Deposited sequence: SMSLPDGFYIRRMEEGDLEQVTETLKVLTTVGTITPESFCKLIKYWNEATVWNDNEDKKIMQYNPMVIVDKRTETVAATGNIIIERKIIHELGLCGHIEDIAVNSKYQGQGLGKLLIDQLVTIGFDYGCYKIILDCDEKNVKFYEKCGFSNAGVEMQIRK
């Protein structure tokens, strides 16, 4: 859908990407066994959910290496409508993963820059994400700044 430098392109995730997306996401978190039919239903949900305003709530993107037609990186930006900032739109970048054979050559930065473009084009006033301390420097190279602390419960 959109070409990137050095033989890559970016496009929305599709139903046929399950295996390649699973392989890429391993570097982040365990995906586990997912049935093709369930994934098809997830993609349908991600391709229909819209934000009250067309704004897609979910924007699951894959960067594909043209040399082998393999998914090299994936990331998502989710759009949230809030009450604050006069019903503002806030973007949330999530599930960033560069396939282990494709790290250290600029793809992470290219992916984040693309997600940021998507969010600001929908009208988000800010885009946020959470990362471990060891990744802060990567996000600073992408134009982000420290905004707070991520807390969790399980």
Quiz item: Tell me, which runs of residues in the deposited sequence have no coordinates at all?
Solution: 54-58, 160
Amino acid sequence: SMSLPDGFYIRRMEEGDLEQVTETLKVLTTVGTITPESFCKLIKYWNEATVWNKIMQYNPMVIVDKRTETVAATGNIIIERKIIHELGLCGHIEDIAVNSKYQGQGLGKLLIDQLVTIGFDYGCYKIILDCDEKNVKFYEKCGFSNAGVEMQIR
From here on, numbers count along this sequence of modelled residues.
Quiz prompt | Of 124-132 and 22-30, the one with larger mean CA B-factor | solution = 22-30
Quiz item: Of the two stretches 3-11 and 143-151, which shows the higher Cα B-factor on average in the entry?
Solution: 3-11
Quiz item: In this PDB entry, which of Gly88, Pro36, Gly91, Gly106 has the top CA B-factor?
Solution: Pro36
Quiz item: Out of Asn59, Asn99, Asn53, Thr117, which shows the largest CA B-factor listed in the entry?
Solution: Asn53
Exercise. Comparing against every modelled residue in the chain, figure out the third that the C-alpha B-factor of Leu110 lands in (lowest, middle or highest).
Key: middle
